[PDB]
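Colleague: One structure coming up, written as structure tokens, with questions to follow.
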Amino acid sequence: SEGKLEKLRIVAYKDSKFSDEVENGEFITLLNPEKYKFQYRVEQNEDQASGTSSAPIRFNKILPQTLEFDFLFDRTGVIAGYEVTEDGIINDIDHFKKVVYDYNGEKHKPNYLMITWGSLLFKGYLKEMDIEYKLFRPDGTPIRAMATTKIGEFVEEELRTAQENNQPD
Amino acid sequence: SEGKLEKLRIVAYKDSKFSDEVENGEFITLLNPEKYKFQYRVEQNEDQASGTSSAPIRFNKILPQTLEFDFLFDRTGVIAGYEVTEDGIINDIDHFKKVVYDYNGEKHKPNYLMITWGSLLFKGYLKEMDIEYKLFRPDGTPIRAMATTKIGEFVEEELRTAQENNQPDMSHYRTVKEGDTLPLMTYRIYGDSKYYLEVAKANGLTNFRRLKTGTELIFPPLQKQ
Amino acid sequence: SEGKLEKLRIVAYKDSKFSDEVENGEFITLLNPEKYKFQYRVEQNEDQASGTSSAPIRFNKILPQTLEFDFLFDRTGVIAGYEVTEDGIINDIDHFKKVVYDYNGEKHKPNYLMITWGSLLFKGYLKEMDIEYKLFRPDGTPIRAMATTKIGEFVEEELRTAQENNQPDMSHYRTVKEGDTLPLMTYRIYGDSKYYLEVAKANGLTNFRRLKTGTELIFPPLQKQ
Amino acid sequence: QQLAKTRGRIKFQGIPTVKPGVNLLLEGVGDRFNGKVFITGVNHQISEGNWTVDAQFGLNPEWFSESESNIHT
Amino acid sequence: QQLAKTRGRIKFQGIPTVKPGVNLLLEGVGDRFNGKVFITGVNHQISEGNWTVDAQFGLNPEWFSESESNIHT
Amino acid sequence: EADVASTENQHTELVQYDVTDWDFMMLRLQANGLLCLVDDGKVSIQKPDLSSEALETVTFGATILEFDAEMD
Amino acid sequence: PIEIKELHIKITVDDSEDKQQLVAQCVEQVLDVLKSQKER
Amino acid sequence: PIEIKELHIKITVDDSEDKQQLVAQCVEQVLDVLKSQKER
Amino acid sequence: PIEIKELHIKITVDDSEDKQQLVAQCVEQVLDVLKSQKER
Amino acid sequence: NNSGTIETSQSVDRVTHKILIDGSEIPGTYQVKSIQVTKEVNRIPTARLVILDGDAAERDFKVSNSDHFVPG
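Protein chains in written order, with the UniProt record's numbering: chain A, 2 to 168, 170 to 171; chain B, 2 to 168, 170 to 227; chain C, 2 to 168, 170 to 227; chain D, 292 to 364; chain E, 292 to 364; chain F, 147 to 218; chain G, 2 to 17, 29 to 52; chain H, 2 to 17, 29 to 52; chain I, 2 to 17, 29 to 52; chain J, 2 to 73.
Put into structure tokens, the structure is as follows:
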């Protein structure tokens, strides 16, 4: 199964331990993104007195992480393996928004997300989204769209102290 | 009617339930936009203490949505299906502004808008507009113009609580399947396993350590104040 | 006179009703601008509480409008219909500035402006101007210049309330058509169905549950204190 | 003194019925503060498209004769 | 009154030994102020990666009976 | 206009001296456990009423914009 | 503040409400400093 | 200030300490105005 | 203010007078809050 | 001390602290944002702690509900 082209998946979850799945809450893409990108930031305290030549910079904290990627939706009929649908991309985008964006009245918030593709595994929440509609059928049915996404990172507080195995004490 | 090229429409409304139409308040375009665009924003609270490697993240709010598109007005005479008018595009732009921009003295505000084209259906308010005039007849009558538009999103407050069906506050019922235990079911409903003796008393159970696999139980809400 | 190329004009005025002309206060251009542009802005109040999924955005106000265009002055001698002048463009720019920029000691302010070209008619004041000088005669007389302009919009306060015909405060009359009921008509006029017994008493109706289909009713306003 | 036990301010969308001398029900702020509260003051602010009200609850334990100035000549 | 002759505040990197009732040596601020100073107050502030201390020197010439309110009924 | 709760005690003499009516009223009223409510031209003097029905419910996760509270 | 006695009326400038939030924070921290000085 | 009685505790917001320095200047100038009014 | 008792001396910083106008507004709103509290 | 610096026992690269209540440390899940301590001649000493808390999605304050920061 080396020869299989794996596709990116996103699953929604109910709890902060990621063990209770939302029912019908799994999205699978039809075309993979080209690339993805991470961001890392560490903050220091840099106060110094006048008359001096350097400061001994001090550790403050580590800021949360960030992931970004882009998607393409297309049901025109030139990509091998898929069929043309009567309503185009209407049900693909509506299922994608139900997983990553919509408010859940059972938990009073949007969903927890797990993003998996190959070596990648990321937990967090959605911050930003833009969707642009490009091609249409003559009666106004869309058949192509492009989406840009930004995801934040989530750690539960019981797991933070177990990863920071803090040890004169 | 698949073969029909549908054209975008905008209708003005008087009430926040979108049932009472403004009279002569419907605009139909003559050329469709090329594309349109949506925007979605979710805000979080990200305060953390110094010395730590991660922050405790808490959901705060979902911000309002945004739609944008562009229009073209032209009465030069090369587009099939339409006629050249004596006054050009003067009445097309004046009717478009009366629907989406002008203040209404009956309601002390501009109009509510519904935007429909194909699969699209959007309710809200105008925020921004720019109109640029391009070609003219020798006596100064305009025959071509371009418009850029930005629309906000409107939800009435009675409909927001019905869409956020917000539910330890309400009542619940389940049916017992084989493999269920009373402290595991209490944890998934309340968030804590410690309420199992109150669930058993409200159902009249004495032998709660063995549940029979057809029983329907009730789960009462927790008390307030 | 369709075949006549109309030229843009700007006239200066003394009063806010635009009826008393400044003497020698009219400018006529020699070359028309290529295009012009408008700008429209509406402001809303968007405060919401934490934990919620949307806000019902509220109307705040409508901001003033804006017009922009560019001009070209040239007395080189290649444009048909005009003559070369001994002093070039010196008197053209000095007359243009006297109309749109200079302070008037009779009114303690710059002038009110009316801008007319074809279908366009705009009243307001000057905000911004830039003039750049391009070609010169050997003795330093300029013969070409370019100007960029920005105009704001003026409405007198007595005319604002007449355009916002603001109307539970005024009186109303309707005629009864077949299919009308008294509590449904009260809801569309007042916003609440509960005033139907006060409408029936003000019209002398006893059998209000059946209305006859030619009756003209009055709808009094609500009392204020 | 008992009426000064818990004090505070609550800000929300305006209505015309909250006046000093009424009771409101407060929820979702923890067991230490949740319950029925007695209103001792109201501030109505109307501007830039909205009407909001600041409701004050609880009493200040200080007496008039202790906190106010210039009572006597 | 003599202990109120010179008054001020000095802010520096925190240590656990400066307490009211100790002496510090002050240098580099001009002949008018240089010398040994008596500490009358301390403020410790710990946040955002650092610990700093504000040391106060000199006394306020005012007496308790003159500056404090509500001593008497 | 006035609406004032009654009291049980009766004085045989009482002296007001070199003060305003408002200030005198406040001193005497507190001494008896009363609160003064002034509204639209009417002055109402009553004991605290903690027994009446709440007008509405205000909730942190749904309707509150700002909140401040203290226990001491 | 826990008191409605200390709020000020809100006036904005049409200069074209960020500056409204900064001035309101400065009134809050001054009145907390004045209250702490009367402690024993 | 020449007194530690007038300092306030520093709380910042993770909104992403410039605003911390502006509020601290406003508390300093208010308390100097209040002190000068008690001069003869 | 309607009184010259409440003005502060103006000191600017050569950091290269916008910040001068913001601090002057905060002193104005604090002293209006302190005056209103002594009303009956 | 003419060293030109302030003598500390360790590098000033990392500041640490502990909060003990009734003899033992508060659990390492609580995030303390800021600590202030003051002392002065002829006054009673005081201190303040700022702790992050409250969640609109739960409708509560877990630290406030604990028995760690109770008066007494």
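Even for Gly, the Cβ is constructed at its ideal location relative to N, Cα and C.
If I follow the unbroken alpha helix (DSSP H) through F170 of chain F, where does it start and stop?
Modeller: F170 of chain F -> alpha helix (DSSP H) spans 167–176.
Colleague: Quick one: complete alpha helix (DSSP H) runs, 4+ long, within the stretch 71–104 of chain B?
Modeller: Those alpha helix (DSSP H) runs which fall completely within the stretch 71–104 of chain B and span 4+ residues are 91–101.
Colleague: What in chain H is Cβ-close to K6 of chain I, meaning under 9 Å?
Modeller: Residues of chain H passing the Cβ test: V45, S48, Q49.
Colleague: Which residues of the stretch 50–63 of chain C have a Cβ closer than 8 Å to any Cβ of chain F? Give them in chain order.
Modeller: Flagged, chain order: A50, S51, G52, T53.
Colleague: Have a look at J:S12, J:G73, J:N66, J:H18 and flag the residue whose alpha-carbon is nearest the alpha-carbon of residue 169 of chain A.
Modeller: Absent here is residue 169 of chain A, because the residues of chain A run from 168 on to 170 with nothing modelled in between.
Colleague: Is there at least one Cβ from chain B nearer than 8 Å to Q11 of chain J's Cβ?
Modeller: Cβ-Cβ to chain B under 8 Å: no for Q11 of chain J.
Colleague: Please classify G153 of chain B as buried or exposed, where buried requires at least 16 neighbouring CB atoms within 10 angstroms.
Modeller: So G153 of chain B ends up on the buried side.
Colleague: Quick check: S190 of chain F and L196 of chain F, are their CB atoms within less than 8 Å of each other?
Modeller: Against a cut-off of 8 Å, the Cβ pair of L196 of chain F and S190 of chain F comes out as no contact.
Colleague: Would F19 of chain B and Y102 of chain B be called neighbours here (beta carbons separated by less than 8 Å)?
Modeller: Not a contact, by the Cβ cut-off of 8 Å.
Colleague: What residues of chain G sit near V42 of chain H, judged by a beta carbon separation below 7 Å?
Modeller: What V42 of chain H touches in chain G: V42.
Colleague: Span of the alpha helix (DSSP H) holding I191 of chain B?
Modeller: Note, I191 of chain B: alpha helix (DSSP H), 184–192.
Colleague: Can you name the residues that DSSP bridges to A163 of chain C?
Modeller: According to DSSP, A163 of chain C bridges with nothing at all.
Colleague: My parser needs the beta strand (DSSP E) runs of 3 or more residues fully inside the stretch 16–49 of chain A; what are they?
Modeller: As far as the stretch 16–49 of chain A is concerned, its whole beta strand (DSSP E) runs of at least 3 residues are 22–29, 38–40, 43–46.
Colleague: Mark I11 of chain C as exposed unless 16 or more other C-beta atoms lie within 10 angstroms of its C-beta, in which case mark it buried.
Modeller: Looking at its Cβ environment, which holds 16 or more other Cβ atoms inside 10 Å, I11 of chain C is buried.
Colleague: Can you tell me where the alpha helix (DSSP H) holding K31 of chain G begins and where it ends?
Modeller: Taken as a continuous stretch (DSSP letters only), the alpha helix (DSSP H) holding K31 of chain G covers 30–48.
Colleague: Quick check on DSSP: helix, strand or coil for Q292 of chain E?
Modeller: Here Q292 of chain E sits in coil by DSSP.
Colleague: Measuring only the C-alpha atoms, how far is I94 of chain A from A81 of chain A?
Modeller: Each residue's Cα considered, the two are about 21 Å apart.
Colleague: Check whether the Cβ atoms of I144 of chain C and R76 of chain C sit closer than 8 Å, and answer yes or no.
Modeller: Their beta carbons are under 8 Å apart, which means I144 of chain C touches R76 of chain C by this criterion.
Colleague: What did DSSP end up calling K124 of chain A once you bin it into helix, strand or coil?
Modeller: Note: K124 of chain A maps to strand in three-state DSSP.
Colleague: Quickly, what does DSSP pair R10 of chain C with across the bridge? List them, please.
Modeller: Paired residue(s): C:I29, C:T117.
Colleague: Which bits of chain D does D48 of chain C rub up against, with CB to CB less than 7 Å?
Modeller: Under the 7 Å cutoff, chain D gives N341.
Colleague: If you draw a straight line from the C-alpha of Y83 of chain B to the C-alpha of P34 of chain B, how long is it?
Modeller: For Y83 of chain B and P34 of chain B, the distance between alpha carbons rounds to 18 Å.
Colleague: Quick one: grab the DSSP three-state call for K6 of chain H.
Modeller: Helix at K6 of chain H.
Colleague: Identify, in the order they occur along the chain, each residue of the same chain with its Cβ nearer than 8 Å to the Cβ of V344 of chain D, setting aside the five sequence neighbours on each side.
Modeller: Excluding sequence neighbours, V344 of chain D sits near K302, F303, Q304, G305, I306, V309, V333, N334, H335, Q336.
Colleague: For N155 of chain F, which option in F:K188, F:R174, F:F206, F:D214 has the closest C-alpha, if you only look at C-alpha atoms?
Modeller: It is F:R174 whose Cα lies nearest to the Cα of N155 of chain F.
Colleague: Can you pull the DSSP bridge partners for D345 of chain E?
Modeller: DSSP lists E:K302, E:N334 as partners of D345 of chain E.
Colleague: Three-state secondary structure (DSSP) at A215 of chain F?
Modeller: The answer is strand: DSSP assigns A215 of chain F an E or B state.
Colleague: Closest to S51 of chain C by C-alpha separation, out of F:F213, F:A208, F:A148, would be which residue?
Modeller: Here the closest residue by C-alpha is F:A208.
Colleague: Please state whether the Cβ-Cβ distance between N209 of chain B and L219 of chain B is less than 8 Å.
Modeller: Their beta carbons are not under 8 Å apart, which means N209 of chain B does not touch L219 of chain B by this criterion.
Colleague: Shorter than 8 Å from the beta carbon of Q304 of chain D to some beta carbon of chain G?
Modeller: So no, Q304 of chain D is outside the interface.
Colleague: Using 10 angstroms around the beta-carbon of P2 of chain I, count the other beta-carbons present and answer buried if the total reaches 16, otherwise exposed.
Modeller: Exposed.
Colleague: Measure from the alpha carbon of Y104 of chain B to the alpha carbon of each residue in C:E44, C:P185, C:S2, C:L31, then state which is nearest.
Modeller: Comparing Cα positions, the closest option is C:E44.
Colleague: Name the residue from J:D61, J:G73, J:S67 whose alpha carbon lies nearest to the alpha carbon of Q227 of chain B.
Modeller: Nearest of J:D61, J:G73, J:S67 to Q227 of chain B, Cα basis: J:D61.
Colleague: In angstroms, rounded to a whole number, what distance separates the CA positions of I191 of chain B and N167 of chain B?
Modeller: Their Cα atoms are separated by approximately 15 Å.
Colleague: Terminal residues of the continuous alpha helix (DSSP H) containing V201 of chain C?
Modeller: First-last of the alpha helix (DSSP H) with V201 of chain C: 198–204.
Colleague: Give me the Cα-Cα distance between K99 of chain B and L127 of chain B, rounded to the nearest whole angstrom.
Modeller: C-alpha separation (whole angstroms): 12 Å.
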